[PDB]
Amino acid sequence: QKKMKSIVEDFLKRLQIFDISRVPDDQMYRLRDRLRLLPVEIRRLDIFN
Amino acid sequence: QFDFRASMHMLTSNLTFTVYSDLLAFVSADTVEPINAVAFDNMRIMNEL
């Protein structure tokens with residue numbers, strides 16, 4: 001039930017050079033799809049394990 | 001001519017009943033949360049979440 005738009009929106013906000021008001025939701029979900037294919041960082045992955 | 005034998009009948013009916021019109025008013029119809037709504041293929045209607 002979790003809509004992941006908030007995660008990508010926070011990501012773009014923290015990159016500090018994009019204006020998220022100008023970014024549609026489809027682009028954010030495409031970013032989500034690309035992020036979903038990346039392996040997790042070792043420390044974060046082990047903490048989650 | 002009026003004949004009592006030929007005019008006396010027994011009319012038969014039911015003692016009482018209640019006639020209803022809106023059958024669907026007897027159905028309590030609820031719906032799942034839209035986030036969890038699925039299509040004919042048993043997958044969610046919208047999967048991008």
# chains A, B, ... in the order shown; residues from 1 in each chain; ligands from 1
>>> closest_atom_pairs(of="chain A", to="chain B", cutoff="10 Å", atoms="only C-alpha atoms", output="tab-separated table")
residue	atom	partner	partner_atom	distance
A:1	CA	B:35	CA	6.5
A:2	CA	B:49	CA	7.0
A:3	CA	B:49	CA	4.9
A:4	CA	B:49	CA	7.0
A:5	CA	B:49	CA	8.3
A:26	CA	B:48	CA	9.3
A:29	CA	B:48	CA	7.5
A:30	CA	B:48	CA	9.8
A:32	CA	B:48	CA	9.9
A:33	CA	B:48	CA	9.6
>>> atom_distance(atom1="atom CA of residue 47 of chain A", atom2="atom CA of residue 11 of chain A")
20.5 Å
>>> select_by_dssp(residues="chain B", states="alpha helix (DSSP H)", output="list in words")
residues 4, 5, 6 and 7 of chain B
>>> decode(residues="segment 1-47 of chain B", atoms="N, CA and C atoms", output="mmCIF file, in the first residue's frame")
data_model
loop_
_atom_site.group_PDB
_atom_site.id
_atom_site.type_symbol
_atom_site.label_atom_id
_atom_site.label_comp_id
_atom_site.auth_asym_id
_atom_site.auth_seq_id
_atom_site.Cartn_x
_atom_site.Cartn_y
_atom_site.Cartn_z
ATOM 1 N N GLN B 1 -82.558 -12.875 -15.369
ATOM 2 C CA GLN B 1 -83.025 -12.921 -13.992
ATOM 3 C C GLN B 1 -81.868 -13.223 -13.049
ATOM 4 N N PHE B 2 -81.941 -12.657 -11.849
ATOM 5 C CA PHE B 2 -80.959 -12.954 -10.819
ATOM 6 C C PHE B 2 -81.236 -14.330 -10.229
ATOM 7 N N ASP B 3 -80.214 -15.180 -10.218
ATOM 8 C CA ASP B 3 -80.280 -16.501 -9.606
ATOM 9 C C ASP B 3 -79.205 -16.575 -8.534
ATOM 10 N N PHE B 4 -79.618 -16.853 -7.296
ATOM 11 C CA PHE B 4 -78.660 -16.896 -6.198
ATOM 12 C C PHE B 4 -77.658 -18.026 -6.384
ATOM 13 N N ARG B 5 -78.127 -19.197 -6.819
ATOM 14 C CA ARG B 5 -77.226 -20.331 -6.990
ATOM 15 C C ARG B 5 -76.152 -20.029 -8.025
ATOM 16 N N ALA B 6 -76.528 -19.369 -9.120
ATOM 17 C CA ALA B 6 -75.587 -19.064 -10.188
ATOM 18 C C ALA B 6 -74.703 -17.863 -9.885
ATOM 19 N N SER B 7 -75.006 -17.096 -8.835
ATOM 20 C CA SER B 7 -74.250 -15.898 -8.502
ATOM 21 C C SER B 7 -73.381 -16.046 -7.264
ATOM 22 N N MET B 8 -73.656 -17.024 -6.407
ATOM 23 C CA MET B 8 -72.873 -17.217 -5.195
ATOM 24 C C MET B 8 -71.607 -17.992 -5.537
ATOM 25 N N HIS B 9 -70.453 -17.376 -5.295
ATOM 26 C CA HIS B 9 -69.162 -18.006 -5.519
ATOM 27 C C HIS B 9 -68.313 -17.871 -4.267
ATOM 28 N N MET B 10 -67.235 -18.645 -4.224
ATOM 29 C CA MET B 10 -66.214 -18.526 -3.193
ATOM 30 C C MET B 10 -64.962 -17.956 -3.837
ATOM 31 N N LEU B 11 -64.583 -16.752 -3.427
ATOM 32 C CA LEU B 11 -63.364 -16.124 -3.908
ATOM 33 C C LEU B 11 -62.230 -16.471 -2.957
ATOM 34 N N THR B 12 -61.125 -16.955 -3.516
ATOM 35 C CA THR B 12 -59.985 -17.428 -2.747
ATOM 36 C C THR B 12 -58.769 -16.564 -3.043
ATOM 37 N N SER B 13 -58.051 -16.189 -1.990
ATOM 38 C CA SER B 13 -56.806 -15.446 -2.139
ATOM 39 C C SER B 13 -55.906 -15.781 -0.956
ATOM 40 N N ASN B 14 -54.786 -15.075 -0.852
ATOM 41 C CA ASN B 14 -53.911 -15.223 0.298
ATOM 42 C C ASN B 14 -54.372 -14.310 1.428
ATOM 43 N N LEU B 15 -53.987 -14.670 2.652
ATOM 44 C CA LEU B 15 -54.394 -13.870 3.801
ATOM 45 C C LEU B 15 -53.653 -12.539 3.831
ATOM 46 N N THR B 16 -52.345 -12.555 3.587
ATOM 47 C CA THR B 16 -51.571 -11.322 3.574
ATOM 48 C C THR B 16 -50.176 -11.610 3.045
ATOM 49 N N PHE B 17 -49.599 -10.617 2.374
ATOM 50 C CA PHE B 17 -48.187 -10.648 2.024
ATOM 51 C C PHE B 17 -47.727 -9.223 1.760
ATOM 52 N N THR B 18 -46.412 -9.032 1.791
ATOM 53 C CA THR B 18 -45.792 -7.741 1.533
ATOM 54 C C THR B 18 -45.042 -7.806 0.211
ATOM 55 N N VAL B 19 -45.335 -6.863 -0.679
ATOM 56 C CA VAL B 19 -44.712 -6.793 -1.994
ATOM 57 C C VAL B 19 -43.570 -5.791 -1.931
ATOM 58 N N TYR B 20 -42.404 -6.193 -2.423
ATOM 59 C CA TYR B 20 -41.209 -5.365 -2.412
ATOM 60 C C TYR B 20 -40.815 -5.000 -3.836
ATOM 61 N N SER B 21 -40.249 -3.804 -3.989
ATOM 62 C CA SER B 21 -39.847 -3.282 -5.288
ATOM 63 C C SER B 21 -38.338 -3.231 -5.462
ATOM 64 N N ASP B 22 -37.624 -2.588 -4.540
ATOM 65 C CA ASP B 22 -36.172 -2.451 -4.637
ATOM 66 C C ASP B 22 -35.530 -3.671 -3.990
ATOM 67 N N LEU B 23 -35.255 -4.686 -4.810
ATOM 68 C CA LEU B 23 -34.594 -5.884 -4.304
ATOM 69 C C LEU B 23 -33.186 -5.572 -3.816
ATOM 70 N N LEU B 24 -32.459 -4.726 -4.546
ATOM 71 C CA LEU B 24 -31.070 -4.449 -4.206
ATOM 72 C C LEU B 24 -30.927 -3.679 -2.902
ATOM 73 N N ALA B 25 -32.019 -3.142 -2.356
ATOM 74 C CA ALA B 25 -31.967 -2.543 -1.030
ATOM 75 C C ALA B 25 -31.754 -3.587 0.056
ATOM 76 N N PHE B 26 -31.989 -4.860 -0.251
ATOM 77 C CA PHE B 26 -31.743 -5.948 0.684
ATOM 78 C C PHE B 26 -30.297 -6.419 0.670
ATOM 79 N N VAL B 27 -29.450 -5.824 -0.164
ATOM 80 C CA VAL B 27 -28.059 -6.230 -0.312
ATOM 81 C C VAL B 27 -27.189 -5.178 0.356
ATOM 82 N N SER B 28 -26.380 -5.609 1.318
ATOM 83 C CA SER B 28 -25.344 -4.768 1.904
ATOM 84 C C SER B 28 -24.101 -4.909 1.036
ATOM 85 N N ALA B 29 -23.766 -3.850 0.306
ATOM 86 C CA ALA B 29 -22.676 -3.869 -0.661
ATOM 87 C C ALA B 29 -21.570 -2.949 -0.166
ATOM 88 N N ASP B 30 -20.393 -3.517 0.059
ATOM 89 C CA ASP B 30 -19.192 -2.781 0.413
ATOM 90 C C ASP B 30 -18.148 -2.991 -0.675
ATOM 91 N N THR B 31 -17.066 -2.223 -0.599
ATOM 92 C CA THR B 31 -15.991 -2.327 -1.573
ATOM 93 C C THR B 31 -14.654 -2.323 -0.849
ATOM 94 N N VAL B 32 -13.663 -2.959 -1.470
ATOM 95 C CA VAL B 32 -12.307 -2.989 -0.935
ATOM 96 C C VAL B 32 -11.722 -1.590 -1.049
ATOM 97 N N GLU B 33 -10.600 -1.351 -0.382
ATOM 98 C CA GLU B 33 -9.906 -0.088 -0.565
ATOM 99 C C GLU B 33 -9.426 0.012 -2.012
ATOM 100 N N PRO B 34 -9.539 1.182 -2.652
ATOM 101 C CA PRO B 34 -9.140 1.265 -4.067
ATOM 102 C C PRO B 34 -7.699 0.860 -4.311
ATOM 103 N N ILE B 35 -6.819 1.053 -3.328
ATOM 104 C CA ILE B 35 -5.430 0.635 -3.476
ATOM 105 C C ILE B 35 -5.339 -0.867 -3.712
ATOM 106 N N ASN B 36 -6.274 -1.637 -3.156
ATOM 107 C CA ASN B 36 -6.248 -3.091 -3.224
ATOM 108 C C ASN B 36 -7.171 -3.655 -4.296
ATOM 109 N N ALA B 37 -7.780 -2.805 -5.117
ATOM 110 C CA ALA B 37 -8.691 -3.284 -6.146
ATOM 111 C C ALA B 37 -7.916 -4.016 -7.235
ATOM 112 N N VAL B 38 -8.423 -5.177 -7.640
ATOM 113 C CA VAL B 38 -7.763 -6.017 -8.630
ATOM 114 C C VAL B 38 -8.644 -6.128 -9.867
ATOM 115 N N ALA B 39 -8.014 -6.503 -10.976
ATOM 116 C CA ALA B 39 -8.679 -6.665 -12.256
ATOM 117 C C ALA B 39 -9.073 -8.129 -12.451
ATOM 118 N N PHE B 40 -9.528 -8.464 -13.661
ATOM 119 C CA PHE B 40 -9.983 -9.825 -13.927
ATOM 120 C C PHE B 40 -8.861 -10.839 -13.745
ATOM 121 N N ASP B 41 -7.616 -10.433 -13.980
ATOM 122 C CA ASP B 41 -6.470 -11.324 -13.881
ATOM 123 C C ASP B 41 -5.919 -11.422 -12.464
ATOM 124 N N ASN B 42 -6.660 -10.939 -11.468
ATOM 125 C CA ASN B 42 -6.332 -11.048 -10.049
ATOM 126 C C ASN B 42 -5.147 -10.183 -9.643
ATOM 127 N N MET B 43 -4.632 -9.352 -10.541
ATOM 128 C CA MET B 43 -3.610 -8.370 -10.220
ATOM 129 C C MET B 43 -4.264 -7.010 -10.011
ATOM 130 N N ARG B 44 -3.545 -6.119 -9.332
ATOM 131 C CA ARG B 44 -4.099 -4.804 -9.044
ATOM 132 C C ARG B 44 -4.367 -4.040 -10.334
ATOM 133 N N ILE B 45 -5.440 -3.247 -10.325
ATOM 134 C CA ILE B 45 -5.808 -2.476 -11.509
ATOM 135 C C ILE B 45 -4.684 -1.519 -11.881
ATOM 136 N N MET B 46 -4.147 -0.811 -10.893
ATOM 137 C CA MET B 46 -3.013 0.085 -11.079
ATOM 138 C C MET B 46 -1.865 -0.427 -10.223
ATOM 139 N N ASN B 47 -0.741 -0.747 -10.867
ATOM 140 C CA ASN B 47 0.389 -1.373 -10.197
ATOM 141 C C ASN B 47 1.572 -0.439 -9.985
#
